Asks: 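Take this structure first; my questions come after.
We count residues from 1, following the sequence as given. Atoms within each ligand, like the ligands themselves, are counted from 1 in listed order. The figures here come from the full heavy-atom set of this structure, side chains too, leaving out hydrogens, waters and symmetry mates.
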Amino acid sequence: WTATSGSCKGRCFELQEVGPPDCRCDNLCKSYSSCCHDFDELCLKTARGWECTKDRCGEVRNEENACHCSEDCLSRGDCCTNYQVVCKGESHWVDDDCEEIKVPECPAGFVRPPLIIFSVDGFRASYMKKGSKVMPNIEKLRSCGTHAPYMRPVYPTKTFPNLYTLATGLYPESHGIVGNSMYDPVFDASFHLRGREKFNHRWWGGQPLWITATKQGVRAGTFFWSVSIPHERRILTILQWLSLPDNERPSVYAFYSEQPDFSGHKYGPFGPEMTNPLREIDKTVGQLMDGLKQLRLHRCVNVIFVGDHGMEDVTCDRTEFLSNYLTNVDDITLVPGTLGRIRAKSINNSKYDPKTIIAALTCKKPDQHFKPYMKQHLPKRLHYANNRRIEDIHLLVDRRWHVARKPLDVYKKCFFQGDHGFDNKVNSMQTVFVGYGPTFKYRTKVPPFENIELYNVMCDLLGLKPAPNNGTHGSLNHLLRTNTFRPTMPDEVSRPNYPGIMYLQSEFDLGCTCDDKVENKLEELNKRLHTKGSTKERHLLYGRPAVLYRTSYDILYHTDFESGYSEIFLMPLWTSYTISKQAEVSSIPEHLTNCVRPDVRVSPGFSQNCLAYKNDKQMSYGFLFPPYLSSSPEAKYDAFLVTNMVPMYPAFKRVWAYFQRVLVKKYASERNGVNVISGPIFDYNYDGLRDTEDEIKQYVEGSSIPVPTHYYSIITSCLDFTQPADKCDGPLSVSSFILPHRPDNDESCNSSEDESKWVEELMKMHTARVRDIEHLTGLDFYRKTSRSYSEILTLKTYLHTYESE
Ligand SMILES: *[C@@H]1O[C@H](CO)[C@@H](O[C@@H]2O[C@H](CO)[C@@H](O[C@@H]3O[C@H](CO[C@H]4O[C@H](CO)[C@@H](O)[C@H](O[C@H]5O[C@H](CO)[C@@H](O)[C@H](O)[C@@H]5O[C@H]5O[C@H](CO)[C@@H](O)[C@H](O)[C@@H]5O)[C@@H]4O)[C@@H](O)[C@H](O[C@H]4O[C@H](CO)[C@@H](O)[C@H](O)[C@@H]4O[C@H]4O[C@H](CO)[C@@H](O)[C@H](O)[C@@H]4O)[C@@H]3O)[C@H](O)[C@H]2NC(C)=O)[C@H](O)[C@H]1NC(C)=O
Ligand SMILES: Cc1cccnc1N1CCN(C(=O)c2cn(CC(=O)N(C)C)c3cc(Cl)ccc23)CC1
Ligand SMILES: [Ca+2]
Ligand code: NA
Ligand code: NA
Ligand SMILES: [Zn+2]
């Protein structure tokens with residue numbers, strides 16, 4: 001209930017929100033039906049429109065006008081944004097040459113440059129270039145400030161998950177807004193795009209920037225606008241707030257545009273009707289910048305122009321129907337469209353089974369345009385699993401397609417031509433970032449980055465300490481002229497042991513065999529030097545990774561590779577080796593086919609055993625440093641040490657052997673050598689974080705050998721590929737993956753074919769940032785390079801996407 005009998009006189013767009021039953025005058029009151037009776041009359045004036053004309057100049061102040069062209073309007077802060085151009089001979093901001101802003105040029109009483117966030121919905125990254133002729137104001141921000149050629153949204157590339165990610169620096173799984181539509185089984189409640197449940201504070205996790213600001217005494221504009229308030233009025237309201245006395249004036253502001261998303265859904269991303277919405281957004285940007293210029297704030301304020309996601313061509317005839325796959329289609333609830341989420345229709349149904357639902361959806365039609373996944377099997381780069389609101393069964397839909405339950409859902413709901421929501425590495429889903437202002441760099445292009453990184457930078461821009469988030473603070477320091485946050489490397493927690501030869505062969509009872517019984521002073525000293533780390537500078541190029549948790553591990557050196565061997569997990573945490581462009585691939589000699597060798601530096605009690613693998617009918621083993629890449633027949637024996645062995649499903653060994661035998665060499669040829677770090681990952685509770693030993697759900701049968709959920713590799717080389725990986729003078733180049741360790745290759749529809757037809761496609765899907773592997777392993781890589789730490793942070797957030805230009 002609202003006693004809407006109070007009045008808005010002198011309160012229009014008030015910054016504090018008044019509590020019920022008293023009526024509201026703030027920019028959100030409409031959306032709650034809580035505005036005072038006179039809100040429209042007083043606060044939403046429209047008379048005479050939004051622009052000054054020649055014959056309004058000097059005019060007597062008429063209070064009924066939307067904006068003013070009277071002589072006192074500058075002092076009142078309520079001129080039409082074009083007042084000085086029309087009435088005072090000034091130029092539009094867009095018409096002025098750009099001049100570097102080396103220092104903030106702020107009026108007296110400004111304690112910091114204010115931040116204005118200009119957010120646009122559905123603004124696809126290619127619009128920056130393709131629409132550049134019809135967006136001169138945006139083009140000037142882009143070319144004169146700091147810009148990325150695109151910014152990567154989070155998955156799902158929907159509106160609510162992305163806008164709230166932008167505001168919090170968190171993955172949707174951590175902030176809680178995991179879709180525009182959600183069911184929370186603990187609340188037993190639904191969140192919708194349409195309605196009143198989406199207002200309840202229990203849905204919203206993390207700490208959004210407006211809250212961070214307020215807690216630390218930085219004043220925030222009310223960030224959100226009821227949909228019916230027109231853009232011109234949003235802008236004028238912002239500019240009016242900018243004229244408040246020092247003590248009352250916010251330091252951070254937001255503007256939101258429902259366009260171009262609204263038209264893009266109707267017309268597709270490049271429909272001819274899309275030009276006008278782009279012109280209109282540019283005009284709003286012009287109005288803001290002209291208004292800042294009139295207030296002498298145009299060289300004081302930092303402006304972020306930022307999108308939530310792009311837009312793809314999608315029409316009703318490209319819909320897959322679950323009714324064509326499932327018999328029991330009435331026993332399921334589907335969240336439909338550009339992603340699919342499936343759960344039981346009734347909790348009381350004990351005949352519901354996810355396993356049979358997944359199988360019925362798996363590789364069933366030759367052209368199938370979606371792929372089912374249990375959520376823990378989704379590519380780890382999506383970070384889309386650790387929330388009770390994310391249904392166990394997920395459908396990843398191909399770009400340009402929809403999934404629906406039954407054909408009736410699509411005609412008792414073609415309307416639309418555009419949609420978004422697909423995999424966040426899809427080109428069409430990429431969106432925009434431009435920063436302009438004293439704190440941003442001048443005419444600077446920065447590499448593409450993820451939207452999770454921006455919360456830290458907005459905090460930096462405002463002098464705030466960010467709440468804990470998923471950005472990597474310092475990875476975007478290269479966007480900024482100053483205010484940089486100077487990160488330090490985390491301290492190593494566990495130091496390694498360096499074991500020497502401590503055990504005789506006969507102390508081992510591992511049930512292993514090796515035909516290594518084939519037998520010299522110069523060569524003997526040589527092998528000893530290798531085992532003490534003589535070749536280590538070759539294979540460990542960036543220092544050893546640091547272990548950031550408490551554990552017991554050994555560094556083991558070899559001619560061809562170095563490893564950090566965990567006495568707790570009984571396998572390496574990491575294995576590091578360098579392959580030059582000139583390296584040769586050899587085969588495993590016939591006599592060495594089943595060779596496994598005890599490692600005389602490591603006790604029997606901290607070793608794996610061959611008997612466990614013999615007894616476990618489901619599990620085989622592989623090696624982290626591959627025998628195919630040994631530098632010599634004698635060095636090959638090192639690759640068969642029990643301390644280089646890891647458990648692998650036969651199905652997964654198909655993937656791994658092809659990576660090891662074919663792809664590593666291919667990369668070394670293409671990249672002029674590669675340094676490789678590989679190892680296991682244990683993430684049984686799918687939180688994206690290293691498991692402790694008590695969380696491991698699966699062991700090699702009858703043993704304490706834990707089974708990894710995933711295998712990772714990090715492949716580094718020189719950015720300037722004219723220099724070899726092992727002699728690189730400058731920036732580095734990386735690609736990584738986190739491959740799911742699965743007992744089958746059901747994920748890959750073409751897997752009955754030769755690995756050359758499917759394995760690389762699987763790996764590309766499971767591409768990863770080095771930072772993702774850090775969270776999953778508790779390791780810290782690139783500790784000893786010649787590069788600055790912020791540049792290394794940028795390299796660790798890099799994701800190799802495998803999309804065309
Ligand atoms: C991305 O960045 C984010 C932010 O840094 C990372 O997320 C953090 O990870 C931490 C570890 O997983 C986690 O720390 C825990 O804090 C617990 C207290 O949690 C509350 O308080 C915080 C602080 O205000 C708050 O943020 C939390 O908010 C969550 O939950 C609410 C409502 O439920 C949501 O609104 C909100 O969206 C958020 O949900 C997300 O996180 C939770 C986990 O907290 C998930 O379950 C959700 O699905 C969702 O993803 C909370 O309101 C604290 O209780 C924990 O301590 C336990 O474990 C420690 C080990 O140190 C141990 O000492 C304790 O004994 C304790 O165990 C006990 O509880 C167990 C569970 O019942 C029980 O089994 C035991 O027997 C014990 O009794 C823990 O320290 C932190 O909360 C989140 N923060 C956020 C915002 O998500 C994220 O990891 C990063 N991702 C990647 C990939 O890097
Ligand atoms: C980008 C940014 C960075 C840091 C702090 N804040 C930011 N922004 C976020 C977007 N803003 C809005 O006004 C929002 C608009 N919508 C859409 C909405 O309401 N519809 C009905 C479709 C939102 C939906 C959500 Cl989940 C959250 C915010 C908004 C401005 C502030
Ligand atoms: Ca985990
Ligand atoms: Na076996
Ligand atoms: Na298959
Ligand atoms: Zn949309």
Side-chain angles (χ1 to χ4, degrees), residues 119-124 127 153 156-163 179-181 193-194 227 256-269 271 274 277 307-314 336-339 358-359 361-366 368 371-373 377 402 415-422 424 426 428-429 431 510-512 594 596 608-622 645-655 658 698-703 705 707 740-755 757-759 761-762 765:
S119 61
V120 281
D121 187 14
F123 200 108
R124 187 182 164 149
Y127 289 158
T157 51
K158 289 300 193 177
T159 290
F160 280 44
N162 276 280
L163 295 166
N180 296 327
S181 154
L193 255 156
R194 284 268 190 195
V227 76
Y256 173 75
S257 167
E258 308 76 3
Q259 287 284 36
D261 173 266
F262 184 73
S263 292
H265 277 294
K266 297 169 87 287
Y267 303 120
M274 294 301 296
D308 54 7
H309 50 69
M311 185 75 68
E312 179 57 273
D313 292 288
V314 183
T338 51
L339 46 154
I358 301 283
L361 295 180
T362 297
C363 306
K364 280 310 159 60
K365 308 291 151 62
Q368 194 168 311
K371 188 179 297 302
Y373 283 87
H377 293 151
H402 274 153
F415 341 90
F416 59 81
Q417 291 182 268
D419 207 356
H420 50 89
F422 304 106
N424 65 327
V426 173
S428 60
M429 295 300 91
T431 186
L510 308 178
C512 297
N594 301 317
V596 181
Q608 290 177 44
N609 74 84
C610 293
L611 195 41
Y613 292 101
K614 191 195 188 294
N615 294 346
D616 194 323
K617 293 297 183 290
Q618 311 303 305
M619 190 61 70
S620 179
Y621 62 84
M645 190 175 67
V646 285
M648 293 188 168
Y649 293 117
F652 187 78
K653 280 179 72 193
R654 301 185 58 207
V655 177
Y658 184 83
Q698 196 185 329
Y699 289 86
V700 182
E701 214 165 75
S703 82
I705 309 164
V707 178
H741 185 211
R742 284 179 63 174
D744 66 64
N745 283 306
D746 288 352
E747 180 175 5
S748 308
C749 293
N750 290 343
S751 63
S752 67
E753 303 177 48
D754 187 66
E755 285 87 5
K757 308 293 165 197
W758 65 271
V759 164
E761 186 189 325
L762 175 70
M765 188 56 57

Asks: At the Na ion (ligand 5), what is the angle formed between atom O of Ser748 and atom OG of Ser751, rounded to the nearest 10°?
Replies: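 Taking the Na ion (ligand 5) as the apex, the two atoms subtend 80°.
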
Asks: Could you check if a side-chain atom of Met274 sits within less than 4.5 angstrom of a side-chain atom of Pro260, using non-hydrogen atoms only?
Replies: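 Side chain of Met274 against side chain of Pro260, heavy atoms only: contact under 4.5 Å found.
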
Asks: Quick check: does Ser620 put an N/O/S atom under 3.0 Å from the Na ion (ligand 4)?
Replies: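 No N, O or S atom of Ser620 is closer than 3.0 Å to the Na ion (ligand 4), so no.
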
Asks: Compute the angle centred on the Zn ion (ligand 6) spanning OD2 of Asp261 and NE2 of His265, and express it rounded to 10 degrees.
Replies: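 Rounding to the nearest 10 degrees gives 100°.
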
Asks: Decide yes or no for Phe415 and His265: does some side-chain heavy atom of the first lie under 4.5 Å from some side-chain heavy atom of the second?
Replies: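 They are not in side-chain contact.
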
Asks: So, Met619 and the Na ion (ligand 4): N/O/S under 3.0 Å, yes or no?
Replies: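 Yes - counting backbone and side chain alike, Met619 has an N, O or S atom under 3.0 Å.
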
Asks: Given side chains that start at C-beta, do those of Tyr649 and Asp744 come closer than 4.5 Å, heavy atoms only?
Replies: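 Result no, sub-4.5 Å side-chain heavy-atom pair not found.
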
Asks: Could you identify the N, O or S atom of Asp616 positioned closest to the Na ion (ligand 4)?
Replies: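 Answer by atom name: O.
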
Asks: Would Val120 and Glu258 count as a side chain to side chain contact (heavy atoms under 4.5 Å, CB included) here? Give the steps.
Replies: CA-CA 7 Å; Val120 281; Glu258 308 76 3; over 6 Å; no

Asks: Quick one, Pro153 and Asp308 - any side-chain contact, counting heavy atoms below 4.5 Å?
Replies: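 No, their side chains stay 4.5 Å or more apart.
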
Asks: Near the Zn ion (ligand 6), is there an N/O/S atom from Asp419 that is less than 2.8 Å away?
Replies: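 Checking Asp419: none of its N, O or S atoms is under 2.8 Å.
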
Asks: Any N/O/S atom, side chain or main chain, of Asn750 closer to the Na ion (ligand 5) than 3.0 Å?
Replies: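 Of the N, O and S atoms in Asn750, none lies under 3.0 Å from the Na ion (ligand 5), which means no.
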
Asks: Mind checking whether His420 and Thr159 have side chains closer than 4.5 Å, heavy atoms only?
Replies: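 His420 reaches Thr159 side chain to side chain.
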
Asks: Got a sec: is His309 within less than 2.8 Å of the Zn ion (ligand 6) via an N/O/S atom?
Replies: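 Here the distance criterion (N, O or S atom, under 2.8 Å) is not met by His309, so no.
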
